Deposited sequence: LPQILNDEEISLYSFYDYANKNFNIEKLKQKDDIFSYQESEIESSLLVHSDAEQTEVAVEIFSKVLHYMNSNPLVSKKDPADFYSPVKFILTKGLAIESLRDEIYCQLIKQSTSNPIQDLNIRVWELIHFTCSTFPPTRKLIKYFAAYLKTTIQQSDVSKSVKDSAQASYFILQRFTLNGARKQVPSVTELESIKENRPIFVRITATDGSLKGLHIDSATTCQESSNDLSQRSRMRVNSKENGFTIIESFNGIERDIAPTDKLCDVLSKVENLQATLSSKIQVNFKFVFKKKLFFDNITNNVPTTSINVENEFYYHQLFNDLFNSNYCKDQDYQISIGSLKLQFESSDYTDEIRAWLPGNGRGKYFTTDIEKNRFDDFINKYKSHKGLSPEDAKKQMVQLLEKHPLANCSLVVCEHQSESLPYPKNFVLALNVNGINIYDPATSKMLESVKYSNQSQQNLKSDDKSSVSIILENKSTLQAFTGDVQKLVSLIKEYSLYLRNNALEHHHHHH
(Lines of atoms letter the chains of each structure in order from A and count residues from 1; the text may use other names and numbers.)
(Lines give C-alpha, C1' and ligand atoms only; values in the text may rest on other atoms or scores of the structure.)
Protein backbone atom coordinates (compact mmCIF):
# COMPACT_ATOMS: atom_id res chain seq x y z
CA UNK A 1 0.00 0.00 0.00
CA UNK A 2 2.89 2.64 -0.04
CA UNK A 3 2.08 5.43 -2.54
CA UNK A 4 4.83 6.32 -5.01
CA UNK A 5 3.10 9.66 -5.56
CA UNK A 6 0.35 11.46 -3.62
CA UNK A 7 -2.67 12.80 -5.61
CA UNK A 8 -1.68 16.34 -4.41
CA UNK A 9 1.71 15.91 -6.24
CA UNK A 10 0.29 14.87 -9.70
CA UNK A 11 0.33 18.50 -10.95
CA UNK A 12 4.00 18.85 -9.80
CA UNK A 13 5.29 15.99 -11.99
CA UNK A 14 4.40 16.85 -15.63
CA UNK A 15 6.16 14.50 -18.10
CA UNK A 16 6.81 17.52 -20.40
CA UNK A 17 9.18 18.94 -17.69
CA UNK A 18 11.09 15.61 -17.46
CA UNK A 19 11.21 15.32 -21.30
CA UNK A 20 12.27 18.95 -21.98
CA UNK A 21 15.17 18.49 -19.49
CA UNK A 22 16.33 14.90 -20.27
CA UNK A 23 15.44 14.15 -23.94
CA UNK A 24 18.33 13.77 -26.47
CA UNK A 25 16.70 16.68 -28.45
CA UNK A 26 19.88 17.63 -30.45
CA UNK A 27 20.24 14.03 -31.86
CA UNK A 28 16.47 13.58 -32.61
CA UNK A 29 16.01 15.52 -35.94
CA UNK A 30 12.75 14.15 -37.60
CA UNK A 31 9.54 16.03 -38.65
CA UNK A 32 7.31 14.09 -36.10
CA UNK A 33 6.92 15.45 -32.53
CA UNK A 34 9.61 13.59 -30.50
CA UNK A 35 7.41 13.75 -27.32
CA UNK A 36 4.41 11.85 -28.77
CA UNK A 37 3.31 8.88 -30.87
CA UNK A 38 5.01 8.30 -34.24
CA UNK A 39 4.74 5.45 -36.76
CA UNK A 40 8.31 5.55 -37.98
CA UNK A 41 11.48 4.41 -36.26
CA UNK A 42 13.44 6.87 -34.11
CA UNK A 43 16.90 7.88 -35.52
CA UNK A 44 18.56 7.99 -32.07
CA UNK A 45 17.71 7.18 -28.44
CA UNK A 46 15.15 9.35 -26.58
CA UNK A 47 17.57 9.73 -23.61
CA UNK A 48 21.37 10.30 -23.40
CA UNK A 49 23.47 7.13 -22.97
CA UNK A 50 27.27 7.15 -22.29
CA UNK A 51 27.82 3.97 -24.34
CA UNK A 52 27.15 4.39 -28.14
CA UNK A 53 26.24 0.66 -28.21
CA UNK A 54 23.37 1.33 -25.73
CA UNK A 55 22.13 4.22 -27.91
CA UNK A 56 21.96 1.62 -30.74
CA UNK A 57 20.09 -0.92 -28.47
CA UNK A 58 17.60 1.88 -27.55
CA UNK A 59 16.85 2.44 -31.32
CA UNK A 60 16.40 -1.38 -31.66
CA UNK A 61 14.02 -1.38 -28.62
CA UNK A 62 11.82 1.24 -30.34
CA UNK A 63 11.44 -1.06 -33.46
CA UNK A 64 10.32 -3.92 -31.12
CA UNK A 65 7.77 -1.54 -29.43
CA UNK A 66 6.42 -0.83 -32.99
CA UNK A 67 6.50 -4.53 -33.87
CA UNK A 68 4.43 -5.39 -30.73
CA UNK A 69 2.11 -2.32 -31.18
CA UNK A 70 1.32 -3.32 -34.78
CA UNK A 71 0.99 -7.11 -34.27
CA UNK A 72 -2.34 -8.93 -34.80
CA UNK A 73 -3.83 -9.41 -31.27
CA UNK A 74 -5.21 -12.88 -32.18
CA UNK A 75 -1.63 -14.23 -33.02
CA UNK A 76 -1.12 -14.59 -29.18
CA UNK A 77 -2.87 -18.02 -29.19
CA UNK A 78 -1.32 -19.39 -32.47
CA UNK A 79 2.42 -19.00 -31.63
CA UNK A 80 2.70 -17.31 -28.17
CA UNK A 81 6.56 -17.44 -28.24
CA UNK A 82 6.51 -15.46 -31.52
CA UNK A 83 3.88 -12.94 -30.24
CA UNK A 84 5.91 -12.24 -27.04
CA UNK A 85 9.33 -12.31 -28.84
CA UNK A 86 9.54 -8.40 -29.10
CA UNK A 87 8.36 -8.12 -25.42
CA UNK A 88 11.07 -10.52 -24.12
CA UNK A 89 13.78 -8.69 -26.14
CA UNK A 90 12.76 -5.39 -24.44
CA UNK A 91 12.39 -6.86 -20.93
CA UNK A 92 15.73 -8.79 -21.19
CA UNK A 93 17.62 -5.58 -22.08
CA UNK A 94 15.93 -3.47 -19.36
CA UNK A 95 16.30 -6.06 -16.59
CA UNK A 96 20.04 -6.59 -17.32
CA UNK A 97 20.96 -2.88 -17.80
CA UNK A 98 19.58 -0.43 -15.16
CA UNK A 99 20.81 2.61 -17.20
CA UNK A 100 18.50 1.51 -20.08
CA UNK A 101 15.25 1.33 -17.95
CA UNK A 102 14.23 4.98 -18.11
CA UNK A 103 14.74 4.92 -21.94
CA UNK A 104 12.21 2.00 -22.17
CA UNK A 105 9.61 3.85 -20.06
CA UNK A 106 10.05 7.10 -22.05
CA UNK A 107 9.48 5.24 -25.36
CA UNK A 108 6.25 3.79 -23.92
CA UNK A 109 5.05 7.14 -22.47
CA UNK A 110 5.80 8.72 -25.92
CA UNK A 111 3.91 5.98 -27.91
CA UNK A 112 0.85 6.27 -25.58
CA UNK A 113 0.84 10.11 -26.03
CA UNK A 114 -1.56 11.37 -28.75
CA UNK A 115 -1.91 7.81 -30.15
CA UNK A 116 -4.66 8.13 -32.86
CA UNK A 117 -5.88 4.52 -32.59
CA UNK A 118 -7.39 3.03 -29.39
CA UNK A 119 -6.26 -0.50 -30.45
CA UNK A 120 -2.62 0.67 -30.77
CA UNK A 121 -2.89 2.64 -27.46
CA UNK A 122 -4.17 -0.59 -25.79
CA UNK A 123 -0.98 -2.43 -26.98
CA UNK A 124 1.38 0.29 -25.57
CA UNK A 125 -0.42 0.00 -22.20
CA UNK A 126 0.07 -3.82 -22.30
CA UNK A 127 3.81 -3.10 -22.87
CA UNK A 128 3.81 -0.57 -19.94
CA UNK A 129 2.16 -3.22 -17.76
CA UNK A 130 4.76 -5.92 -18.83
CA UNK A 131 7.58 -3.42 -18.05
CA UNK A 132 6.14 -2.47 -14.58
CA UNK A 133 5.92 -6.21 -13.79
CA UNK A 134 9.68 -6.60 -14.59
CA UNK A 135 11.64 -3.55 -13.34
CA UNK A 136 10.72 -0.09 -12.12
CA UNK A 137 11.89 3.25 -13.62
CA UNK A 138 14.94 4.70 -11.72
CA UNK A 139 14.35 7.23 -8.84
CA UNK A 140 14.86 10.13 -11.31
CA UNK A 141 11.82 9.13 -13.45
CA UNK A 142 9.53 6.97 -11.14
CA UNK A 143 7.46 10.01 -9.84
CA UNK A 144 6.96 11.47 -13.36
CA UNK A 145 5.90 7.98 -14.55
CA UNK A 146 3.63 7.52 -11.47
CA UNK A 147 1.99 10.95 -12.30
CA UNK A 148 1.49 9.80 -15.95
CA UNK A 149 -0.27 6.62 -14.65
CA UNK A 150 -2.51 8.55 -12.20
CA UNK A 151 -3.44 11.13 -14.90
CA UNK A 152 -4.31 8.24 -17.28
CA UNK A 153 -6.39 6.50 -14.52
CA UNK A 154 -8.20 9.60 -13.09
CA UNK A 155 -8.35 12.10 -15.98
CA UNK A 156 -7.35 11.03 -19.57
CA UNK A 157 -10.12 10.34 -22.09
CA UNK A 158 -8.97 6.71 -22.64
CA UNK A 159 -10.52 3.23 -23.02
CA UNK A 160 -11.54 1.05 -20.04
CA UNK A 161 -8.77 -1.39 -21.18
CA UNK A 162 -6.15 1.43 -20.78
CA UNK A 163 -7.52 2.54 -17.39
CA UNK A 164 -7.43 -1.15 -16.22
CA UNK A 165 -3.80 -1.59 -17.50
CA UNK A 166 -2.74 1.76 -15.96
CA UNK A 167 -4.36 0.76 -12.59
CA UNK A 168 -2.75 -2.73 -12.61
CA UNK A 169 0.63 -1.12 -13.63
CA UNK A 170 0.48 1.34 -10.66
CA UNK A 171 -0.47 -1.53 -8.28
CA UNK A 172 2.43 -3.80 -9.42
CA UNK A 173 4.94 -0.87 -9.10
CA UNK A 174 3.76 -0.45 -5.46
CA UNK A 175 3.97 -4.25 -4.93
CA UNK A 176 7.60 -4.30 -6.22
CA UNK A 177 8.56 -1.25 -4.12
CA UNK A 178 7.51 -3.31 -1.06
CA UNK A 179 8.83 -6.77 -2.24
CA UNK A 180 12.11 -5.79 -3.93
CA UNK A 181 13.65 -6.61 -7.31
CA UNK A 182 13.05 -9.72 -9.44
CA UNK A 183 15.80 -11.73 -11.18
CA UNK A 184 14.06 -13.14 -14.24
CA UNK A 185 12.15 -11.88 -17.29
CA UNK A 186 8.45 -13.00 -17.10
CA UNK A 187 7.52 -16.34 -18.79
CA UNK A 188 4.94 -16.47 -21.64
CA UNK A 189 2.28 -17.78 -19.11
CA UNK A 190 2.95 -14.86 -16.75
CA UNK A 191 2.87 -12.36 -19.74
CA UNK A 192 -0.53 -13.81 -20.83
CA UNK A 193 -1.91 -13.06 -17.31
CA UNK A 194 -0.34 -9.57 -17.16
CA UNK A 195 -1.74 -8.68 -20.65
CA UNK A 196 -5.35 -9.48 -19.49
CA UNK A 197 -4.93 -7.84 -15.99
CA UNK A 198 -5.42 -11.20 -14.26
CA UNK A 199 -3.49 -13.32 -11.64
CA UNK A 200 -1.00 -16.10 -12.35
CA UNK A 201 -2.19 -19.60 -11.46
CA UNK A 202 0.29 -21.82 -9.56
CA UNK A 203 -0.29 -25.35 -8.20
CA UNK A 204 1.26 -26.21 -4.78
CA UNK A 205 1.61 -29.80 -3.60
CA UNK A 206 1.14 -30.41 0.16
CA UNK A 207 3.14 -33.16 2.03
CA UNK A 208 0.00 -35.42 2.02
CA UNK A 209 0.12 -35.28 -1.83
CA UNK A 210 -2.96 -33.03 -2.16
CA UNK A 211 -3.02 -29.98 -4.52
CA UNK A 212 -3.80 -26.34 -3.75
CA UNK A 213 -4.49 -23.89 -6.59
CA UNK A 214 -3.19 -20.40 -5.95
CA UNK A 215 -3.50 -16.98 -7.58
CA UNK A 216 -0.36 -14.84 -7.36
CA UNK A 217 0.95 -11.71 -9.12
CA UNK A 218 4.46 -10.88 -10.60
CA UNK A 219 5.69 -9.53 -7.19
CA UNK A 220 4.44 -12.50 -5.05
CA UNK A 221 7.31 -13.76 -2.80
CA UNK A 222 7.77 -17.27 -1.27
CA UNK A 223 7.07 -15.69 2.21
CA UNK A 224 3.71 -14.12 1.08
CA UNK A 225 2.59 -17.40 -0.52
CA UNK A 226 3.76 -19.46 2.48
CA UNK A 227 1.69 -17.11 4.77
CA UNK A 228 -1.35 -17.44 2.41
CA UNK A 229 -1.12 -21.25 2.29
CA UNK A 230 -0.63 -21.34 6.11
CA UNK A 231 -3.74 -19.15 6.69
CA UNK A 232 -5.83 -21.16 4.14
CA UNK A 233 -4.70 -24.52 5.52
CA UNK A 234 -5.94 -23.52 9.04
CA UNK A 235 -2.37 -23.61 10.44
CA UNK A 236 -0.83 -20.71 12.44
CA UNK A 237 -1.14 -17.78 9.98
CA UNK A 238 2.56 -16.72 10.13
CA UNK A 239 5.03 -19.00 8.25
CA UNK A 240 7.88 -17.46 10.41
CA UNK A 241 6.19 -19.14 13.41
CA UNK A 242 4.98 -22.41 11.85
CA UNK A 243 8.28 -22.92 9.93
CA UNK A 244 6.70 -23.85 6.59
CA UNK A 245 7.95 -22.57 3.17
CA UNK A 246 7.36 -23.35 -0.49
CA UNK A 247 10.17 -25.21 -2.21
CA UNK A 248 10.87 -25.91 -5.91
CA UNK A 249 10.90 -29.56 -7.07
CA UNK A 250 12.28 -30.81 -10.41
CA UNK A 251 12.15 -34.58 -11.15
CA UNK A 252 12.09 -35.20 -7.37
CA UNK A 253 15.06 -32.89 -6.68
CA UNK A 254 14.14 -30.19 -4.16
CA UNK A 255 15.62 -26.67 -3.91
CA UNK A 256 14.98 -23.96 -1.31
CA UNK A 257 13.23 -20.74 -2.37
CA UNK A 258 14.42 -17.74 -0.29
CA UNK A 259 11.67 -15.69 1.59
CA UNK A 260 12.04 -12.64 -0.74
CA UNK A 261 12.37 -14.71 -3.96
CA UNK A 262 9.51 -14.33 -6.47
CA UNK A 263 7.51 -17.43 -7.35
CA UNK A 264 7.15 -16.03 -10.90
CA UNK A 265 11.00 -16.06 -11.18
CA UNK A 266 10.92 -19.87 -10.47
CA UNK A 267 8.29 -20.11 -13.32
CA UNK A 268 10.61 -18.34 -15.85
CA UNK A 269 13.50 -20.70 -14.79
CA UNK A 270 11.11 -23.69 -15.29
CA UNK A 271 9.91 -22.36 -18.69
CA UNK A 272 13.56 -22.14 -19.88
CA UNK A 273 14.54 -25.60 -18.41
CA UNK A 274 11.44 -27.39 -19.89
CA UNK A 275 12.25 -25.87 -23.36
CA UNK A 276 16.10 -26.40 -23.28
CA UNK A 277 15.14 -30.10 -22.79
CA UNK A 278 13.61 -30.53 -26.33
CA UNK A 279 12.46 -34.12 -25.35
CA UNK A 280 15.34 -36.19 -23.80
CA UNK A 281 14.13 -36.61 -20.16
CA UNK A 282 10.92 -36.07 -18.09
CA UNK A 283 10.22 -32.50 -16.93
CA UNK A 284 8.28 -32.93 -13.68
CA UNK A 285 8.16 -29.57 -11.91
CA UNK A 286 6.25 -28.91 -8.67
CA UNK A 287 6.01 -26.26 -5.95
CA UNK A 288 5.83 -28.15 -2.60
CA UNK A 289 4.63 -26.68 0.72
CA UNK A 290 6.79 -28.27 3.48
CA UNK A 291 8.01 -27.67 7.06
CA UNK A 292 11.50 -26.14 6.91
CA UNK A 293 12.07 -24.76 10.44
CA UNK A 294 11.52 -26.50 13.80
CA UNK A 295 11.17 -23.87 16.54
CA UNK A 296 10.01 -24.87 20.05
CA UNK A 297 7.72 -21.77 20.04
CA UNK A 298 4.44 -23.60 20.97
CA UNK A 299 3.33 -21.43 24.00
CA UNK A 300 -2.24 -19.90 24.42
CA UNK A 301 -1.49 -23.03 22.32
CA UNK A 302 -4.06 -23.05 19.44
CA UNK A 303 -4.03 -26.92 19.47
CA UNK A 304 -6.34 -27.09 16.40
CA UNK A 305 -3.80 -25.13 14.26
CA UNK A 306 -0.89 -27.12 15.78
CA UNK A 307 -2.58 -30.46 14.93
CA UNK A 308 -3.04 -29.36 11.28
CA UNK A 309 0.74 -28.47 11.04
CA UNK A 310 1.82 -31.76 12.73
CA UNK A 311 -0.39 -33.84 10.36
CA UNK A 312 1.48 -32.24 7.41
CA UNK A 313 4.83 -32.85 9.15
CA UNK A 314 4.08 -36.61 9.81
CA UNK A 315 3.68 -37.20 6.02
CA UNK A 316 6.97 -35.30 5.32
CA UNK A 317 8.96 -37.11 8.07
CA UNK A 318 7.59 -40.56 7.09
CA UNK A 319 8.67 -39.82 3.44
CA UNK A 320 12.13 -38.57 4.52
CA UNK A 321 12.62 -41.78 6.61
CA UNK A 322 11.82 -43.85 3.41
CA UNK A 323 14.63 -41.95 1.61
CA UNK A 324 18.02 -43.77 1.73
CA UNK A 325 19.91 -40.42 1.96
CA UNK A 326 18.45 -40.16 5.48
CA UNK A 327 17.54 -43.67 6.65
CA UNK A 328 18.74 -47.18 5.68
CA UNK A 329 17.27 -48.90 8.80
CA UNK A 330 14.89 -51.55 7.35
CA UNK A 331 13.48 -52.75 10.71
CA UNK A 332 12.62 -49.11 11.59
CA UNK A 333 11.08 -48.57 8.12
CA UNK A 334 9.08 -51.88 8.42
CA UNK A 335 7.81 -50.72 11.88
CA UNK A 336 6.46 -47.33 10.62
CA UNK A 337 5.22 -48.66 7.22
CA UNK A 338 3.26 -51.64 8.69
CA UNK A 339 1.46 -49.31 11.15
CA UNK A 340 0.63 -46.96 8.22
CA UNK A 341 -0.83 -49.93 6.26
CA UNK A 342 -2.78 -50.96 9.43
CA UNK A 343 -4.03 -47.31 9.73
CA UNK A 344 -5.18 -47.20 6.07
CA UNK A 345 -6.38 -50.79 5.27
CA UNK A 346 -6.96 -52.34 8.78
CA UNK A 347 -6.10 -56.03 9.57
CA UNK A 348 -4.00 -58.25 7.30
CA UNK A 349 -5.94 -60.25 4.61
CA UNK A 350 -4.41 -62.47 1.82
CA UNK A 351 -6.00 -60.02 -0.70
CA UNK A 352 -4.00 -57.08 0.83
CA UNK A 353 -0.91 -59.34 0.60
CA UNK A 354 -1.49 -60.01 -3.18
CA UNK A 355 -2.16 -56.27 -3.81
CA UNK A 356 1.02 -54.99 -1.96
CA UNK A 357 3.78 -55.96 -4.56
CA UNK A 358 4.29 -52.93 -6.82
CA UNK A 359 1.39 -50.91 -5.25
CA UNK A 360 2.91 -50.56 -1.76
CA UNK A 361 6.37 -49.43 -3.04
CA UNK A 362 7.36 -46.04 -1.54
CA UNK A 363 4.03 -46.06 0.36
CA UNK A 364 4.17 -48.86 3.01
CA UNK A 365 7.68 -50.16 2.29
CA UNK A 366 10.85 -49.18 0.39
CA UNK A 367 12.55 -50.85 -2.64
CA UNK A 368 15.00 -52.71 -0.31
CA UNK A 369 11.96 -54.03 1.76
CA UNK A 370 9.87 -55.43 -1.16
CA UNK A 371 13.28 -56.82 -2.38
CA UNK A 372 14.77 -58.62 0.71
CA UNK A 373 12.17 -58.25 3.54
CA UNK A 374 8.59 -58.78 2.23
CA UNK A 375 7.80 -61.65 4.71
CA UNK A 376 9.33 -59.62 7.61
CA UNK A 377 7.06 -56.70 6.52
CA UNK A 378 3.97 -59.01 6.35
CA UNK A 379 4.86 -60.61 9.73
CA UNK A 380 5.15 -57.15 11.32
CA UNK A 381 1.86 -56.06 9.69
CA UNK A 382 -0.01 -59.22 11.04
CA UNK A 383 1.17 -58.32 14.62
CA UNK A 384 -0.99 -55.11 14.30
CA UNK A 385 -4.25 -57.16 14.05
CA UNK A 386 -7.05 -55.61 16.13
CA UNK A 387 -5.56 -52.10 16.21
CA UNK A 388 -8.14 -49.40 15.38
CA UNK A 389 -7.09 -46.66 12.81
CA UNK A 390 -6.65 -44.22 15.76
CA UNK A 391 -4.33 -46.58 17.73
CA UNK A 392 -2.24 -47.60 14.67
CA UNK A 393 -1.79 -43.84 13.84
CA UNK A 394 -0.93 -43.03 17.54
CA UNK A 395 1.77 -45.78 17.49
CA UNK A 396 3.14 -44.66 14.07
CA UNK A 397 3.36 -40.99 15.33
CA UNK A 398 5.28 -42.13 18.50
CA UNK A 399 7.72 -44.11 16.31
CA UNK A 400 8.23 -41.07 13.94
CA UNK A 401 8.73 -38.71 16.95
CA UNK A 402 11.26 -41.07 18.56
CA UNK A 403 13.50 -41.10 15.44
CA UNK A 404 16.77 -39.00 15.85
CA UNK A 405 15.82 -36.99 12.68
CA UNK A 406 12.38 -35.91 13.98
CA UNK A 407 12.00 -32.11 14.50
CA UNK A 408 15.27 -31.43 12.57
CA UNK A 409 15.87 -29.46 9.34
CA UNK A 410 17.61 -32.02 7.09
CA UNK A 411 20.59 -31.31 4.76
CA UNK A 412 22.42 -33.99 2.65
CA UNK A 413 26.19 -33.21 2.73
CA UNK A 414 29.65 -34.51 1.70
CA UNK A 415 33.17 -33.72 2.97
CA UNK A 416 36.67 -34.20 1.47
CA UNK A 417 38.65 -34.26 4.74
CA UNK A 418 41.33 -36.97 5.01
CA UNK A 419 41.50 -36.45 8.84
CA UNK A 420 38.01 -35.48 10.20
CA UNK A 421 36.23 -38.39 12.06
CA UNK A 422 33.00 -38.30 9.97
CA UNK A 423 31.77 -40.50 7.09
CA UNK A 424 32.36 -38.78 3.71
CA UNK A 425 28.54 -38.88 3.20
CA UNK A 426 26.62 -37.34 6.08
CA UNK A 427 23.46 -35.45 7.04
CA UNK A 428 23.34 -32.12 8.87
CA UNK A 429 20.25 -32.25 11.13
CA UNK A 430 19.67 -28.69 12.37
CA UNK A 431 17.42 -28.07 15.35
CA UNK A 432 17.21 -25.68 18.33
CA UNK A 433 19.99 -27.64 20.14
CA UNK A 434 22.63 -27.37 17.39
CA UNK A 435 23.95 -28.38 13.99
CA UNK A 436 23.98 -32.14 14.38
CA UNK A 437 26.30 -34.33 12.30
CA UNK A 438 24.35 -37.49 11.46
CA UNK A 439 25.41 -40.83 9.92
CA UNK A 440 22.50 -42.22 7.78
CA UNK A 441 24.46 -45.51 7.26
CA UNK A 442 24.31 -46.36 11.04
CA UNK A 443 21.37 -44.13 12.15
CA UNK A 444 23.56 -42.33 14.68
CA UNK A 445 24.10 -38.76 15.84
CA UNK A 446 27.85 -38.07 15.88
CA UNK A 447 28.23 -34.49 17.17
CA UNK A 448 26.16 -31.43 18.13
CA UNK A 449 27.91 -28.35 16.70
CA UNK A 450 27.09 -25.04 18.49
CA UNK A 451 25.47 -22.12 16.52
CA UNK A 452 27.60 -19.81 18.81
CA UNK A 453 30.88 -21.16 17.22
CA UNK A 454 29.65 -19.95 13.79
CA UNK A 455 30.91 -16.61 12.34
CA UNK A 456 30.11 -25.46 0.27
CA UNK A 457 29.59 -24.14 3.89
CA UNK A 458 32.44 -23.95 6.44
CA UNK A 459 31.30 -25.15 9.88
CA UNK A 460 33.43 -24.50 13.00
CA UNK A 461 33.60 -27.64 15.18
CA UNK A 462 33.98 -27.81 19.02
CA UNK A 463 37.72 -28.57 18.67
CA UNK A 464 37.81 -25.19 16.72
CA UNK A 465 38.74 -27.02 13.46
CA UNK A 466 36.72 -26.48 10.24
CA UNK A 467 34.44 -28.93 8.45
CA UNK A 468 33.91 -27.86 4.79
CA UNK A 469 30.45 -29.26 4.04
CA UNK A 470 29.49 -29.66 0.37
CA UNK A 471 25.82 -29.78 -0.53
CA UNK A 472 23.59 -29.36 -3.60
CA UNK A 473 21.65 -26.56 -1.82
CA UNK A 474 24.02 -24.13 0.00
CA UNK A 475 21.26 -21.46 0.24
CA UNK A 476 19.12 -23.90 2.34
CA UNK A 477 22.04 -24.71 4.72
CA UNK A 478 23.04 -21.03 5.05
CA UNK A 479 19.43 -19.89 5.72
CA UNK A 480 18.91 -22.70 8.29
CA UNK A 481 22.06 -21.61 10.22
CA UNK A 482 20.90 -17.94 10.12
CA UNK A 483 17.21 -18.68 11.06
CA UNK A 484 18.08 -20.92 14.06
CA UNK A 485 20.75 -18.36 15.23
CA UNK A 486 18.14 -15.53 15.02
CA UNK A 487 15.57 -17.63 16.89
CA UNK A 488 18.18 -18.33 19.66
CA UNK A 489 19.04 -14.57 19.81
CA UNK A 490 15.27 -13.72 20.16
CA UNK A 491 14.85 -16.28 22.97
CA UNK A 492 17.90 -14.82 24.83
CA UNK A 493 16.30 -11.33 24.51
CA UNK A 494 12.97 -12.62 25.96
CA UNK A 495 14.80 -14.45 28.84
CA UNK A 496 16.62 -11.19 29.84
CA UNK A 497 14.54 -8.97 32.17
CA UNK A 498 15.75 -2.89 34.05
* Asked: How would you write out the unmodelled ranges of the deposited sequence, numbered from 1?
  -> 300, 457-466, 510-511
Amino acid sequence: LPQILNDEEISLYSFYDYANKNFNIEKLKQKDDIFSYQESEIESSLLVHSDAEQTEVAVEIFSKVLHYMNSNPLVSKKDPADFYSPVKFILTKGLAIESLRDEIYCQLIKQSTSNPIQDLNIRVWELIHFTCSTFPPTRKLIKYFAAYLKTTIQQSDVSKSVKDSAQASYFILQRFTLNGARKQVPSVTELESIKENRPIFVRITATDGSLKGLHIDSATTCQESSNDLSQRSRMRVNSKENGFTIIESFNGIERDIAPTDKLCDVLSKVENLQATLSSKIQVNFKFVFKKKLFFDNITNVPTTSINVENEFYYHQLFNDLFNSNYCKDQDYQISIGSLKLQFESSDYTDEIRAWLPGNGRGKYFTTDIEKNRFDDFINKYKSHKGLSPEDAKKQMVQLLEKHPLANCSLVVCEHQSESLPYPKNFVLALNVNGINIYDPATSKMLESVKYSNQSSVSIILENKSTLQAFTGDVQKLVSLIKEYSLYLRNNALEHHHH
From here on, numbers count along this sequence of modelled residues.
* Structure fact -> Averaging the C-alpha temperature factors as deposited, the higher value of 272-280 versus 212-220 falls on 272-280
* To do: Averaging the C-alpha B factors as listed in the entry, name the stretch that ends up higher: 97-105 or 74-82.
  => 74-82
* Of the options 61, 446, 435, 28, which has the highest CA B factor as deposited? -> 28
* Asked: Can you tell me which of 143, 384, 292, 363 has the highest Cα temperature factor in the record?
  -> 363
* To do: Classify residue 475 as lowest, middle or highest third according to the C-alpha B-factor given in the PDB entry, relative to its own chain.
  => middle
* Assigned third (lowest, middle, highest) for the C-alpha B factor of residue 148 -> lowest
* Asked: Taking the entry's C-alpha B-factors for this chain, is residue 332 in the lowest, middle or highest third?
  -> middle
* residue 431 - Cα temperature factor, lowest/middle/highest third of chain -> lowest
* Asked: With respect to C-alpha B-factor, does residue 368 fall in the lowest, middle or highest third of the chain as deposited?
  -> highest
